[PDB]
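Undergrad: Quick one: structure below, then a few questions.
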RNA sequence: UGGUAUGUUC
RNA sequence: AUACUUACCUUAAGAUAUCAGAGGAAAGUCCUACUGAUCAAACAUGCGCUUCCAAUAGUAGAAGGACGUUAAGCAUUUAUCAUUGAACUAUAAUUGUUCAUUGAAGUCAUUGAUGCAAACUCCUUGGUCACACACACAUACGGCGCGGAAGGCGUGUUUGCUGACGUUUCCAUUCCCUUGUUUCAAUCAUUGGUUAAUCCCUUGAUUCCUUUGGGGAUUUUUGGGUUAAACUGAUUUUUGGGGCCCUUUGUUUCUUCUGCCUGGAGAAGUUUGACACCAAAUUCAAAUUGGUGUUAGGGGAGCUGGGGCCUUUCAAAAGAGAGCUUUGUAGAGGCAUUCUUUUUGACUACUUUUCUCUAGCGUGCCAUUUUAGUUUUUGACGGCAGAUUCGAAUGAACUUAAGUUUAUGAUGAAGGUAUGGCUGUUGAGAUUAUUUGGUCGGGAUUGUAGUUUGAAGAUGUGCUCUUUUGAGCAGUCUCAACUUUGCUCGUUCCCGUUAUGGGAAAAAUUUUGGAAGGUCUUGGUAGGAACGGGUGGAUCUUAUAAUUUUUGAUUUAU
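Chains as they are written, first to last, in full-length UniProt numbering: chain F, 4 to 64, 70 to 132; chain L, 1 to 46, 55 to 125, 133 to 148.
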């Protein structure tokens, strides 16, 4: 997967991130929101960690290393920004960029209609 | 030095380096090259690509001949031994079985191996200029 | 010059 | 809904791209539908850009899962602490071992946990597209079918963060088909192109009548018109046939209503509106109030934004130009000048010694003319051997014929031909002998001689400066610009003449910019501009490096 060179964390809404924390744990999920303190909200994020028993297979010396990774499933979590260490992008969004544009124009139309209605209703 | 000819290969891998490595995985799984990605492949111009005889693959994008490819081997005998590995059971790359047979014309790198066993290049380039006519 | 909230009356 | 009663609130500031240049209200400020350069955003638009997009010629496969099974898999390892009594081993207060008693805590698990590995089953995801079932390639591989996904880079236009809301005495302002699809045929209709019947105009040929000329007929000649008997292509109505699809699962999913498998259908509607659904309480339903959604997909006509390519027209670049000489002007740079002494620094010549190709002439070194030899060139050409072939035209032989061999074989192409090559001519490179030239001393050391600089004096013109041998300006030299002059060359035209000069200009060619038109493509099609504020949200700066996120107590440490 290739990510745009000028893509800040505001562009990467709905991409699937790979957040790394201080205790060596990786959180993987769809990005929903972020903040000034850099504390995310992740939709289907699944925590992974390397157990202390599997860890010495990572130490520098078969061809490929195989690390059984203890993963827990949690859903719609908010992380805290103090713990976050770095974020990487794993997967693109579901919808295409064109199709995302179509949805956004549609939603702008529907919202403007609803507030026009709410105004003309409060007048009568 | 005899190049095998393959029909009925998949034509969607695109990049030659990716195509050769994926094919070569389906040939000999847990090969040296196929299981380490981001190794350079040998370019052997007039280093075996794979042991048990495999020396190069050669594909083209030319819209006459999409699915066909040509594997050239070390010697005349390994070309016949490779058919023996199938033992009348068809090899399959992706979901399609690959019919295969020895080529009507030997490979150019195979001619280089047999000739070493440049005037030929002069003849071939003049052939190319005649075909450009 | 306001907002939200509350409960009563009709 | 109103109203009334209370209770709780009624705010961090500031900013909107940067740098430079011109202008306006000596330092700075502010501003400019000012101007350059950089940056950022949006929107168009391109790159021979880079990666990826699943069998049906088949019962597959790729990517990611399983919080799935085999499974108590196979191999290791774990399940308290204190007090007191009793036996007990013993070097021993009784350290070890076993049984019971009091107190204290105590995640569940032991079919667990941990290590290793394999088979199987199943979920989600995708162009399961079009043309192909193909002999490729060294410069390694036509990346030269249409789309889609994701990035990289470039150009153009607009903007200077971005959005709603109000005002305008602003501009705006469209239609049509279609909802299984595709294909073949029968048939209907429309339209164009040619031929044929009545022919006409125009005109090539013929023929006949007549006055040079004109007219009739045929070719219905050349194109157009009347007309539509024949053929051909594009659109459409009705019926039938073939293929594929229907999981479209609420049987097309734009909505409602009618409706369907021997079928794919009918009616009405399409945004200040309609439709579907959710929640309540009145004591079923309806009623209302409050909410969440839906209003689609494809094709066409106009209208319009963008690119590529072509035509025309206009302007500037390239050549009445270029160079050289003469005169004047003015700008810019550099410094005057001469000799003598001293011999600071530098160079040159000679003496002694040392070393070096040979200390010297030659040899040797260097330049290179192709005169000669040699060597080389995917150099080029021509021919030959494999059959030199091919425009297979023609003859003959083998042969039914076909095919093959050969000849007309240069009348024209194909480098020659070969997936070993030979032979001849010529161009380039290299070397030597030459056509010929130049060279035979250098480095270290040493004193003397000469020039020039560091210093002194006499000078050399005047001013500014100054202790001076003196630095700048009038003085002198070098270079460009303007003006005049003849000579030499030159893109195009003319003349004197085609020696060459004179005159004119791109009017012939190209590149750059703009206007118009053609062609191809790609996108849009109901909002848009201007003004405005006790308007929302982004970004930025400062409070803010002082316990609640970003100015360090998670490299396990001594």
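Even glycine gets a Cβ: it sits at the ideal position worked out from N, Cα and C.
(1) For residue 76(F), which residues in the same chain have their Cβ closer than 7 Å to its Cβ, ignoring the five residues on either side in sequence?
(2) Contact check, residue 101(L) vs residue 39(L) under 8 Å by CB: the rounded distance?
(3) Would you mind sorting residue 3(L) into buried or exposed? The rule is 16 or more other CB atoms within 10 Å of its CB.
(4) What is the residue span of the beta strand (DSSP E) that residue 77(L) lies within?
(5) Taking a contact to mean a Cβ-Cβ separation below 7 Å, would you say residue 20(F) touches residue 29(F) in this structure?
(6) For the segment 83 to 103 of chain F against the segment 41 to 60 of chain F, do three or more pairs of beta-carbon atoms, one drawn from each stretch, fall closer than 8 Å, so that the two count as touching?
(7) Would you kindly work out how many angstroms separate the C-alpha atoms of residue 32(L) and residue 95(F), rounded to a whole number?
(8) In this structure, what does DSSP give as the bridge partners for residue 44(F)?
(9) Express the C-alpha separation of residue 76(L) and residue 104(L) in angstroms, rounding to a whole number.
(10) Just confirm the distance between the C-beta atoms of residue 8(L) and residue 106(L), as a whole number of angstroms; I'd bet it's less than 8 Å.
(11) Taking 8 Å as the threshold, find out whether the segment 68 to 85 of chain L comes into contact with the segment 115 to 125 of chain L through three or more Cβ pairs.
(12) Considering only the beta carbon of each residue, do residue 20(L) and residue 65(L) sit closer than 7 Å?
TA: On the basis of the supplied data:
(1) 57
(2) Actually they do not touch by this definition, with Cβ atoms about 21 Å apart.
(3) buried
(4) 77 to 81
(5) no
(6) yes
(7) 33 Å
(8) 36(F) and 86(F)
(9) 13 Å
(10) 5 Å
(11) yes
(12) yes
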